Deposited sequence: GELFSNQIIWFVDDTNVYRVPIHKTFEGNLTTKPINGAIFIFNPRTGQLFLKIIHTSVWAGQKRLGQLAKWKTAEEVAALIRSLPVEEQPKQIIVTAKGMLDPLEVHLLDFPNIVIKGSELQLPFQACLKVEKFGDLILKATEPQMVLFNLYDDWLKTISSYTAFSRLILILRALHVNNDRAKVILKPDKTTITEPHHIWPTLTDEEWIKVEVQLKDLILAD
């Protein structure tokens, strides 16, 4: 199932980013900031972060549409740089407009099945995590960076449990950033290792955190 085959979630929601601002003259700004494609392996925790520099948009119209195609191009490029045995067997998109661009970009990979999903998996929230947000903001050229979004969790829990824990974190951060961060710091001495994304907590502390995140998402 979702935990067997190499599977990737692809999120395009942060690729083309135009902050909403009204100029002194009363018009909306149109200038983009750097974005990123998130490509996520839910069994291993592996994240490929492709940073999208604003220079790539210079020139053309209907950039929201074009960004779906850019995302697909970059997914295809990643696949071609990997050995066959590391290539995904399934690609899952939560955005419907990704389906046709991916289908056209992956015609050379007949093994790869592309499907849509109604799952709420908001990588948007990673833009609020400073490790990622700063890296994206400050980039001066495109590049790709590797991450392990499960930290050391798989030493003691299953991929299923880790995936659930991550979705709860991202969803909580997405609906209520400030309260999510409070929940994720239960003690003054709670820290996050420099190479980790998330705090170091005991598995009992995580049970309690996970209930509170669920509650926060339910409260909206």
Practice problem: Would you flag the ranges of the deposited sequence that the structure leaves without C-alpha positions? | Solution: 1, 6
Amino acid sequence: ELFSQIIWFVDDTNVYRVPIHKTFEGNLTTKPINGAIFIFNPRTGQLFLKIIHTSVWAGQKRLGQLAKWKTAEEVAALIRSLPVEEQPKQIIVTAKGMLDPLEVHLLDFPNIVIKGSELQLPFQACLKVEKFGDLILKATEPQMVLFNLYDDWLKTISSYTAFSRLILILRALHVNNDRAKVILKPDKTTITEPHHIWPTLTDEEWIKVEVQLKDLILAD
From here on, numbers count along this sequence of modelled residues.
Exercise. Higher average CA B factor in the deposited record is what I'm after, so tell me if that's 158-166 or 185-193.
Key: 185-193
Quiz item: For the stretches 96-104 and 123-131, which has the higher mean C-alpha B-factor as given in the deposited record?
Solution: 123-131
Quiz item: When you compare the CA B-factors of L47, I37, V175, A67 as listed in the entry, which one comes out on top?
Solution: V175
Practice problem: Quick one: classify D11 as lowest, middle or highest third of the chain based on its Cα B-factor. | Solution: lowest
Practice problem: Relative to the other modelled residues of the same chain, rank the CA B-factor of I114 and answer lowest, middle or highest third. | Solution: middle
Practice problem: Divide the modelled residues of the chain into thirds by Cα B-factor and specify which third, lowest, middle or highest, holds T54. | Solution: middle
Quiz item: Lowest, middle or highest third: where is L149 by Cα B-factor in its chain?
Solution: lowest
Quiz item: By its CA B factor, does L82 count among the lowest, middle or highest third of the modelled residues in the chain?
Solution: lowest
